[PDB]
Amino acid sequence: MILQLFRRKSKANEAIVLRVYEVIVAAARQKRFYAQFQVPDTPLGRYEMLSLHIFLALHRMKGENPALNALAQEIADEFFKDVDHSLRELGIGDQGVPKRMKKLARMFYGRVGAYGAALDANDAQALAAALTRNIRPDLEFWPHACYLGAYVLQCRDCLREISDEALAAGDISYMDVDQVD
Ligand SMILES: [Mg+2]
Ligand SMILES: [Mg+2]
């Protein structure tokens, strides 16, 4: 029976990873970020939204639960495959860019760490400052940074309330940004 069970759960795992990743990608594509909030609709701005939503998932999943730690590894794997391809779309290959993937991973984990510290401290000012630094560094004041920060705080709250069991089964959700006010 154990081979049958291992195979069934391995197949199910692939279906779970696909649906979880698709939910994250859809959340990052919500139109309000690029219309009202003035997140740039550019290769880099779209990366800032994907990385923000991937961060939120990893931040929730990190802990002592083996199933959630494994799902986090899967989502990180899919994210870095995605970003690899996005860089190649801009002519950023390995030619003249040694250690490209190692540098990208440092770009991700280093820049989203400020989001984690701000969320753990429930510090909305720190969160808006980190979002401005990462997404609209051209502006000393970004009028919609506090709006995006409110959305990020509410997503953290929602993700935390989902049970470990439901999340490991693929039942992830984010807030509808259009309902933020
Ligand atoms: Mg995989
Ligand atoms: Mg792409």
# chains A, B, ... in the order shown; residues from 1 in each chain; ligands from 1

$ residues_near_ligand --ligand "ligand 1" --cutoff "8 Å" --atoms "only C-alpha atoms and all ligand atoms" --output "list in words"
residues 14, 17, 74, 75, 77 and 78 of chain A

$ closest_atom_pairs --of "chain A" --to "ligand 2" --cutoff "7 Å" --atoms "only C-alpha atoms and all ligand atoms" --output "Markdown table"
| residue | atom | partner | partner_atom_place_in_ligand_line | distance |
| --- | --- | --- | --- | --- |
| A:82 | CA | ligand 2 | 1 (Mg) | 6.0 |
| A:85 | CA | ligand 2 | 1 (Mg) | 6.8 |
| A:86 | CA | ligand 2 | 1 (Mg) | 5.4 |

$ write_last_selection --atoms "N, CA, C and O atoms" --output "compact mmCIF listing (two decimals), in the first residue's frame"
# COMPACT_ATOMS: atom_id res chain seq x y z
N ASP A 82 10.77 31.33 -12.71
CA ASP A 82 10.04 32.46 -13.29
C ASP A 82 10.96 33.68 -13.51
O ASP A 82 11.03 34.23 -14.61
N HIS A 85 13.74 33.32 -16.20
CA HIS A 85 13.16 33.56 -17.53
C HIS A 85 12.91 35.04 -17.79
O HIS A 85 13.23 35.53 -18.88
N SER A 86 12.35 35.75 -16.81
CA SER A 86 12.10 37.21 -16.94
C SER A 86 13.38 38.01 -17.21
O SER A 86 13.35 39.00 -17.95

$ residues_around --residues "region 97-103 of chain A" --least-positions-apart "3" --cutoff "10 Å" --atoms "only C-alpha atoms" --output "PDB file with N, CA, C and O atoms, in the first residue's frame"
ATOM      1  N   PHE A  80      11.910  31.356  -8.573  1.00  0.00           N
ATOM      2  CA  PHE A  80      13.233  31.596  -9.157  1.00  0.00           C
ATOM      3  C   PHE A  80      13.327  31.113 -10.617  1.00  0.00           C
ATOM      4  O   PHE A  80      14.013  31.749 -11.415  1.00  0.00           O
ATOM      5  N   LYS A  81      12.613  30.038 -10.982  1.00  0.00           N
ATOM      6  CA  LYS A  81      12.505  29.653 -12.408  1.00  0.00           C
ATOM      7  C   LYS A  81      11.843  30.761 -13.256  1.00  0.00           C
ATOM      8  O   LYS A  81      12.299  31.065 -14.369  1.00  0.00           O
ATOM      9  N   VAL A  83      11.668  34.075 -12.454  1.00  0.00           N
ATOM     10  CA  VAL A  83      12.544  35.271 -12.500  1.00  0.00           C
ATOM     11  C   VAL A  83      13.741  35.065 -13.451  1.00  0.00           C
ATOM     12  O   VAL A  83      14.102  35.978 -14.210  1.00  0.00           O
ATOM     13  N   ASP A  84      14.324  33.866 -13.437  1.00  0.00           N
ATOM     14  CA  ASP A  84      15.369  33.483 -14.403  1.00  0.00           C
ATOM     15  C   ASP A  84      14.916  33.814 -15.836  1.00  0.00           C
ATOM     16  O   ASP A  84      15.594  34.548 -16.571  1.00  0.00           O
ATOM     17  N   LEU A  87      14.489  37.612 -16.597  1.00  0.00           N
ATOM     18  CA  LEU A  87      15.767  38.281 -16.866  1.00  0.00           C
ATOM     19  C   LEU A  87      16.267  37.993 -18.279  1.00  0.00           C
ATOM     20  O   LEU A  87      16.752  38.896 -18.961  1.00  0.00           O
ATOM     21  N   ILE A  92      19.362  39.638 -20.095  1.00  0.00           N
ATOM     22  CA  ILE A  92      20.221  39.407 -18.928  1.00  0.00           C
ATOM     23  C   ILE A  92      20.395  37.893 -18.780  1.00  0.00           C
ATOM     24  O   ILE A  92      19.642  37.224 -18.058  1.00  0.00           O
ATOM     25  N   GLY A  93      21.377  37.365 -19.510  1.00  0.00           N
ATOM     26  CA  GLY A  93      21.799  35.963 -19.412  1.00  0.00           C
ATOM     27  C   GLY A  93      23.082  35.847 -18.613  1.00  0.00           C
ATOM     28  O   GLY A  93      23.464  36.768 -17.895  1.00  0.00           O
ATOM     29  N   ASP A  94      23.762  34.717 -18.746  1.00  0.00           N
ATOM     30  CA  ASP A  94      25.028  34.509 -18.029  1.00  0.00           C
ATOM     31  C   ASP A  94      26.230  35.239 -18.646  1.00  0.00           C
ATOM     32  O   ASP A  94      27.236  35.421 -17.961  1.00  0.00           O
ATOM     33  N   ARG A 106      19.926  36.731  -3.523  1.00  0.00           N
ATOM     34  CA  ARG A 106      20.293  37.796  -2.578  1.00  0.00           C
ATOM     35  C   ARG A 106      19.427  39.053  -2.763  1.00  0.00           C
ATOM     36  O   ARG A 106      19.050  39.683  -1.773  1.00  0.00           O
ATOM     37  N   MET A 107      19.119  39.414  -4.015  1.00  0.00           N
ATOM     38  CA  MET A 107      18.234  40.567  -4.308  1.00  0.00           C
ATOM     39  C   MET A 107      16.846  40.341  -3.704  1.00  0.00           C
ATOM     40  O   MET A 107      16.267  41.265  -3.120  1.00  0.00           O
ATOM     41  N   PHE A 108      16.329  39.117  -3.824  1.00  0.00           N
ATOM     42  CA  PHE A 108      15.039  38.777  -3.229  1.00  0.00           C
ATOM     43  C   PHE A 108      15.092  38.800  -1.694  1.00  0.00           C
ATOM     44  O   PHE A 108      14.435  39.637  -1.061  1.00  0.00           O
TER      45      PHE A 108
END

$ residues_around --residues "region 175-177 of chain A" --least-positions-apart "3" --cutoff "10 Å" --atoms "only C-alpha atoms" --output "PDB file with N, CA, C and O atoms, in the first residue's frame"
ATOM      1  N   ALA A  27      -2.900  37.316  -7.691  1.00  0.00           N
ATOM      2  CA  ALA A  27      -2.902  38.395  -6.691  1.00  0.00           C
ATOM      3  C   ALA A  27      -1.944  39.542  -7.064  1.00  0.00           C
ATOM      4  O   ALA A  27      -2.290  40.709  -6.923  1.00  0.00           O
ATOM      5  N   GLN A  30      -3.322  42.192  -9.855  1.00  0.00           N
ATOM      6  CA  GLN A  30      -4.525  43.032  -9.607  1.00  0.00           C
ATOM      7  C   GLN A  30      -4.317  44.457 -10.145  1.00  0.00           C
ATOM      8  O   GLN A  30      -3.279  45.075  -9.890  1.00  0.00           O
ATOM      9  N   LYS A  31      -5.302  44.955 -10.898  1.00  0.00           N
ATOM     10  CA  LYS A  31      -5.146  46.190 -11.693  1.00  0.00           C
ATOM     11  C   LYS A  31      -4.910  47.455 -10.867  1.00  0.00           C
ATOM     12  O   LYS A  31      -4.164  48.343 -11.300  1.00  0.00           O
ATOM     13  N   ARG A  32      -5.510  47.526  -9.677  1.00  0.00           N
ATOM     14  CA  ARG A  32      -5.412  48.720  -8.824  1.00  0.00           C
ATOM     15  C   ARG A  32      -3.968  49.109  -8.476  1.00  0.00           C
ATOM     16  O   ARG A  32      -3.672  50.294  -8.339  1.00  0.00           O
ATOM     17  N   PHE A  33      -3.065  48.130  -8.348  1.00  0.00           N
ATOM     18  CA  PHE A  33      -1.661  48.450  -8.052  1.00  0.00           C
ATOM     19  C   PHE A  33      -1.079  49.398  -9.111  1.00  0.00           C
ATOM     20  O   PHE A  33      -0.373  50.341  -8.780  1.00  0.00           O
ATOM     21  N   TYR A 147      -1.463  53.104   1.530  1.00  0.00           N
ATOM     22  CA  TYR A 147      -2.548  52.265   0.973  1.00  0.00           C
ATOM     23  C   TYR A 147      -2.065  50.830   0.698  1.00  0.00           C
ATOM     24  O   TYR A 147      -2.723  49.847   1.072  1.00  0.00           O
ATOM     25  N   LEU A 148      -0.922  50.722   0.024  1.00  0.00           N
ATOM     26  CA  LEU A 148      -0.335  49.413  -0.270  1.00  0.00           C
ATOM     27  C   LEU A 148       0.057  48.705   1.039  1.00  0.00           C
ATOM     28  O   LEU A 148      -0.168  47.501   1.188  1.00  0.00           O
ATOM     29  N   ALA A 150      -1.370  49.065   4.022  1.00  0.00           N
ATOM     30  CA  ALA A 150      -2.616  48.561   4.618  1.00  0.00           C
ATOM     31  C   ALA A 150      -3.044  47.227   3.996  1.00  0.00           C
ATOM     32  O   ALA A 150      -3.419  46.301   4.715  1.00  0.00           O
ATOM     33  N   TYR A 151      -2.973  47.134   2.668  1.00  0.00           N
ATOM     34  CA  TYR A 151      -3.247  45.869   1.957  1.00  0.00           C
ATOM     35  C   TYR A 151      -2.315  44.738   2.417  1.00  0.00           C
ATOM     36  O   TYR A 151      -2.772  43.630   2.695  1.00  0.00           O
ATOM     37  N   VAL A 152      -1.022  45.029   2.531  1.00  0.00           N
ATOM     38  CA  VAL A 152      -0.033  44.014   2.940  1.00  0.00           C
ATOM     39  C   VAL A 152      -0.298  43.510   4.375  1.00  0.00           C
ATOM     40  O   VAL A 152      -0.267  42.306   4.625  1.00  0.00           O
ATOM     41  N   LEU A 153      -0.579  44.427   5.297  1.00  0.00           N
ATOM     42  CA  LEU A 153      -0.941  44.068   6.680  1.00  0.00           C
ATOM     43  C   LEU A 153      -2.187  43.165   6.740  1.00  0.00           C
ATOM     44  O   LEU A 153      -2.184  42.155   7.446  1.00  0.00           O
ATOM     45  N   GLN A 154      -3.229  43.510   5.983  1.00  0.00           N
ATOM     46  CA  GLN A 154      -4.446  42.684   5.926  1.00  0.00           C
ATOM     47  C   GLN A 154      -4.210  41.293   5.306  1.00  0.00           C
ATOM     48  O   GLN A 154      -4.783  40.309   5.779  1.00  0.00           O
ATOM     49  N   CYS A 155      -3.360  41.203   4.276  1.00  0.00           N
ATOM     50  CA  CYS A 155      -2.978  39.893   3.714  1.00  0.00           C
ATOM     51  C   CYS A 155      -2.250  39.021   4.761  1.00  0.00           C
ATOM     52  O   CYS A 155      -2.498  37.815   4.856  1.00  0.00           O
ATOM     53  N   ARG A 156      -1.351  39.630   5.535  1.00  0.00           N
ATOM     54  CA  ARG A 156      -0.640  38.909   6.595  1.00  0.00           C
ATOM     55  C   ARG A 156      -1.647  38.331   7.597  1.00  0.00           C
ATOM     56  O   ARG A 156      -1.551  37.145   7.967  1.00  0.00           O
ATOM     57  N   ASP A 157      -2.607  39.160   8.013  1.00  0.00           N
ATOM     58  CA  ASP A 157      -3.651  38.736   8.959  1.00  0.00           C
ATOM     59  C   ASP A 157      -4.483  37.576   8.400  1.00  0.00           C
ATOM     60  O   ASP A 157      -4.692  36.585   9.085  1.00  0.00           O
ATOM     61  N   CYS A 158      -4.923  37.692   7.149  1.00  0.00           N
ATOM     62  CA  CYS A 158      -5.706  36.633   6.500  1.00  0.00           C
ATOM     63  C   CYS A 158      -4.948  35.311   6.392  1.00  0.00           C
ATOM     64  O   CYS A 158      -5.462  34.254   6.767  1.00  0.00           O
ATOM     65  N   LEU A 159      -3.718  35.377   5.892  1.00  0.00           N
ATOM     66  CA  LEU A 159      -2.891  34.177   5.769  1.00  0.00           C
ATOM     67  C   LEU A 159      -2.675  33.474   7.120  1.00  0.00           C
ATOM     68  O   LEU A 159      -2.738  32.248   7.191  1.00  0.00           O
ATOM     69  N   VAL A 180      -9.891  47.603  -0.232  1.00  0.00           N
ATOM     70  CA  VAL A 180      -9.068  48.388   0.707  1.00  0.00           C
ATOM     71  C   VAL A 180      -9.525  49.850   0.699  1.00  0.00           C
ATOM     72  O   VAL A 180      -9.660  50.452  -0.369  1.00  0.00           O
ATOM     73  N   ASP A 181      -9.761  50.413   1.886  1.00  0.00           N
ATOM     74  CA  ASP A 181     -10.172  51.821   2.009  1.00  0.00           C
ATOM     75  C   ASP A 181      -9.772  52.423   3.352  1.00  0.00           C
ATOM     76  O   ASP A 181      -9.089  53.447   3.398  1.00  0.00           O
TER      77      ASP A 181
END

$ closest_residue --among "A:9, A:111, A:88, A:19" --to "residue 67 (chain A)" --atoms "only C-alpha atoms"
A:9

$ atom_distance --atom1 "CA of residue 28 (chain A)" --atom2 "CA of residue 53 (chain A)"
6.3 Å

$ residues_around --residues "residue 55 (chain A)" --least-positions-apart "4" --cutoff "7 Å" --atoms "only C-alpha atoms" --output "JSON, numbers by chain"
{"A": [51, 59, 112]}

$ closest_atom_pairs --of "region 36-94 of chain A" --to "region 131-137 of chain A" --cutoff "8 Å" --atoms "only C-alpha atoms" --output "JSON lines"
{"residue": "A:39", "atom": "CA", "partner": "A:135", "partner_atom": "CA", "distance": 7.0}
{"residue": "A:45", "atom": "CA", "partner": "A:135", "partner_atom": "CA", "distance": 6.8}
{"residue": "A:48", "atom": "CA", "partner": "A:135", "partner_atom": "CA", "distance": 6.5}

$ residues_around --residues "residue 46 (chain A)" --least-positions-apart "5" --cutoff "8 Å" --atoms "only C-alpha atoms" --output "ChimeraX atom specification"
/A:28-29,40-41

$ select_by_dssp --residues "region 70-173 of chain A" --states "helix (DSSP H, G or I)" --output "PyMOL selection string"
chain A and resi 70-89+100-120+124-135+145-161+164-168

$ write_last_selection --atoms "C-alpha atoms" --output "PDB file, in the first residue's frame"
ATOM      1  CA  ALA A  70       8.227  21.843   1.844  1.00  0.00           C
ATOM      2  CA  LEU A  71       5.456  23.875   0.161  1.00  0.00           C
ATOM      3  CA  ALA A  72       7.559  27.042   0.807  1.00  0.00           C
ATOM      4  CA  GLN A  73      10.556  25.347  -0.906  1.00  0.00           C
ATOM      5  CA  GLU A  74       8.316  24.466  -3.914  1.00  0.00           C
ATOM      6  CA  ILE A  75       6.961  28.031  -4.241  1.00  0.00           C
ATOM      7  CA  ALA A  76      10.500  29.487  -3.983  1.00  0.00           C
ATOM      8  CA  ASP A  77      11.667  27.014  -6.707  1.00  0.00           C
ATOM      9  CA  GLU A  78       8.836  28.068  -9.062  1.00  0.00           C
ATOM     10  CA  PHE A  79       9.512  31.788  -8.333  1.00  0.00           C
ATOM     11  CA  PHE A  80      13.233  31.596  -9.157  1.00  0.00           C
ATOM     12  CA  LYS A  81      12.505  29.653 -12.408  1.00  0.00           C
ATOM     13  CA  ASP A  82      10.041  32.464 -13.290  1.00  0.00           C
ATOM     14  CA  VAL A  83      12.544  35.271 -12.500  1.00  0.00           C
ATOM     15  CA  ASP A  84      15.369  33.483 -14.403  1.00  0.00           C
ATOM     16  CA  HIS A  85      13.165  33.557 -17.526  1.00  0.00           C
ATOM     17  CA  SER A  86      12.101  37.205 -16.942  1.00  0.00           C
ATOM     18  CA  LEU A  87      15.767  38.281 -16.866  1.00  0.00           C
ATOM     19  CA  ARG A  88      16.457  36.390 -20.119  1.00  0.00           C
ATOM     20  CA  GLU A  89      13.487  38.292 -21.670  1.00  0.00           C
ATOM     21  CA  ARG A 100      23.437  35.420 -11.870  1.00  0.00           C
ATOM     22  CA  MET A 101      21.075  33.181  -9.835  1.00  0.00           C
ATOM     23  CA  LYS A 102      22.973  33.656  -6.558  1.00  0.00           C
ATOM     24  CA  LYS A 103      22.777  37.454  -7.055  1.00  0.00           C
ATOM     25  CA  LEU A 104      19.007  37.246  -7.793  1.00  0.00           C
ATOM     26  CA  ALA A 105      18.380  35.192  -4.658  1.00  0.00           C
ATOM     27  CA  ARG A 106      20.293  37.796  -2.578  1.00  0.00           C
ATOM     28  CA  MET A 107      18.234  40.567  -4.308  1.00  0.00           C
ATOM     29  CA  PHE A 108      15.039  38.777  -3.229  1.00  0.00           C
ATOM     30  CA  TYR A 109      15.845  37.749   0.373  1.00  0.00           C
ATOM     31  CA  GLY A 110      17.749  40.972   1.184  1.00  0.00           C
ATOM     32  CA  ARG A 111      15.159  43.473  -0.056  1.00  0.00           C
ATOM     33  CA  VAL A 112      12.020  41.713   1.302  1.00  0.00           C
ATOM     34  CA  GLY A 113      13.561  41.250   4.807  1.00  0.00           C
ATOM     35  CA  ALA A 114      12.454  44.805   5.671  1.00  0.00           C
ATOM     36  CA  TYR A 115       8.836  43.736   4.976  1.00  0.00           C
ATOM     37  CA  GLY A 116       9.189  40.845   7.455  1.00  0.00           C
ATOM     38  CA  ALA A 117      10.662  43.023  10.236  1.00  0.00           C
ATOM     39  CA  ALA A 118       7.975  45.696   9.737  1.00  0.00           C
ATOM     40  CA  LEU A 119       5.139  43.104   9.786  1.00  0.00           C
ATOM     41  CA  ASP A 120       6.510  41.294  12.882  1.00  0.00           C
ATOM     42  CA  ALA A 124       3.118  50.629   9.350  1.00  0.00           C
ATOM     43  CA  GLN A 125       5.556  53.550   8.989  1.00  0.00           C
ATOM     44  CA  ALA A 126       8.498  51.165   8.549  1.00  0.00           C
ATOM     45  CA  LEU A 127       6.452  49.114   6.058  1.00  0.00           C
ATOM     46  CA  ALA A 128       5.513  52.164   3.916  1.00  0.00           C
ATOM     47  CA  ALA A 129       9.166  53.330   3.946  1.00  0.00           C
ATOM     48  CA  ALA A 130      10.373  49.858   2.792  1.00  0.00           C
ATOM     49  CA  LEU A 131       7.716  49.726   0.041  1.00  0.00           C
ATOM     50  CA  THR A 132       8.724  53.244  -1.165  1.00  0.00           C
ATOM     51  CA  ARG A 133      12.451  52.314  -1.102  1.00  0.00           C
ATOM     52  CA  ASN A 134      11.862  49.114  -3.114  1.00  0.00           C
ATOM     53  CA  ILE A 135       9.084  50.207  -5.537  1.00  0.00           C
ATOM     54  CA  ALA A 145       2.558  53.763  -0.032  1.00  0.00           C
ATOM     55  CA  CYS A 146       0.323  53.734   3.086  1.00  0.00           C
ATOM     56  CA  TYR A 147      -2.548  52.265   0.973  1.00  0.00           C
ATOM     57  CA  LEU A 148      -0.335  49.413  -0.270  1.00  0.00           C
ATOM     58  CA  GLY A 149       0.953  48.910   3.296  1.00  0.00           C
ATOM     59  CA  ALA A 150      -2.616  48.561   4.618  1.00  0.00           C
ATOM     60  CA  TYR A 151      -3.247  45.869   1.957  1.00  0.00           C
ATOM     61  CA  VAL A 152      -0.033  44.014   2.940  1.00  0.00           C
ATOM     62  CA  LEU A 153      -0.941  44.068   6.680  1.00  0.00           C
ATOM     63  CA  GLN A 154      -4.446  42.684   5.926  1.00  0.00           C
ATOM     64  CA  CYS A 155      -2.978  39.893   3.714  1.00  0.00           C
ATOM     65  CA  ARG A 156      -0.640  38.909   6.595  1.00  0.00           C
ATOM     66  CA  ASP A 157      -3.651  38.736   8.959  1.00  0.00           C
ATOM     67  CA  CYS A 158      -5.706  36.633   6.500  1.00  0.00           C
ATOM     68  CA  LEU A 159      -2.891  34.177   5.769  1.00  0.00           C
ATOM     69  CA  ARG A 160      -2.204  33.707   9.524  1.00  0.00           C
ATOM     70  CA  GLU A 161      -5.833  32.711  10.200  1.00  0.00           C
ATOM     71  CA  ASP A 164      -1.789  24.819   8.678  1.00  0.00           C
ATOM     72  CA  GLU A 165      -3.877  21.851   7.387  1.00  0.00           C
ATOM     73  CA  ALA A 166      -5.910  23.924   4.887  1.00  0.00           C
ATOM     74  CA  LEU A 167      -2.849  25.828   3.630  1.00  0.00           C
ATOM     75  CA  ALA A 168      -0.867  22.600   3.048  1.00  0.00           C
TER      76      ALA A 168
END

$ atom_distance --atom1 "CA of residue 68 (chain A)" --atom2 "CA of residue 54 (chain A)"
13.9 Å

$ closest_residue --among "A:12, A:44, A:25, A:57" --to "residue 90 (chain A)" --atoms "only C-alpha atoms"
A:44

$ decode --residues "region 96-112 of chain A" --atoms "N, CA and C atoms" --output "CSV table (one decimal), in the first residue's frame"
chain,number,residue,atom,x,y,z
A,96,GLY,N,28.6,37.9,-19.2
A,96,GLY,CA,28.9,39.1,-18.4
A,96,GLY,C,28.2,39.2,-17.1
A,97,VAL,N,27.5,38.2,-16.7
A,97,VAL,CA,26.8,38.2,-15.4
A,97,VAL,C,27.0,36.8,-14.8
A,98,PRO,N,28.2,36.6,-14.3
A,98,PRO,CA,28.5,35.4,-13.5
A,98,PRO,C,27.7,35.4,-12.2
A,99,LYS,N,27.4,34.2,-11.7
A,99,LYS,CA,26.7,34.0,-10.4
A,99,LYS,C,25.3,34.7,-10.5
A,100,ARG,N,24.7,34.7,-11.6
A,100,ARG,CA,23.4,35.4,-11.9
A,100,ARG,C,22.3,35.0,-10.9
A,101,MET,N,22.1,33.7,-10.7
A,101,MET,CA,21.1,33.2,-9.8
A,101,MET,C,21.3,33.4,-8.4
A,102,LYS,N,22.6,33.3,-7.9
A,102,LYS,CA,23.0,33.7,-6.6
A,102,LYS,C,22.7,35.1,-6.3
A,103,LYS,N,23.0,36.0,-7.2
A,103,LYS,CA,22.8,37.5,-7.1
A,103,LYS,C,21.3,37.8,-7.0
A,104,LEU,N,20.5,37.1,-7.8
A,104,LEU,CA,19.0,37.2,-7.8
A,104,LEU,C,18.4,36.8,-6.5
A,105,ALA,N,18.8,35.7,-6.0
A,105,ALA,CA,18.4,35.2,-4.7
A,105,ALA,C,18.7,36.2,-3.5
A,106,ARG,N,19.9,36.7,-3.5
A,106,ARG,CA,20.3,37.8,-2.6
A,106,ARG,C,19.4,39.1,-2.8
A,107,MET,N,19.1,39.4,-4.0
A,107,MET,CA,18.2,40.6,-4.3
A,107,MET,C,16.8,40.3,-3.7
A,108,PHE,N,16.3,39.1,-3.8
A,108,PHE,CA,15.0,38.8,-3.2
A,108,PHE,C,15.1,38.8,-1.7
A,109,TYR,N,15.9,37.9,-1.1
A,109,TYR,CA,15.8,37.7,0.4
A,109,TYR,C,16.3,39.0,1.1
A,110,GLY,N,17.3,39.7,0.6
A,110,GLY,CA,17.7,41.0,1.2
A,110,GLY,C,16.7,42.1,1.2
A,111,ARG,N,16.1,42.3,0.1
A,111,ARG,CA,15.2,43.5,-0.1
A,111,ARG,C,13.8,43.3,0.6
A,112,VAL,N,13.3,42.0,0.7
A,112,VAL,CA,12.0,41.7,1.3
A,112,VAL,C,12.1,41.5,2.8
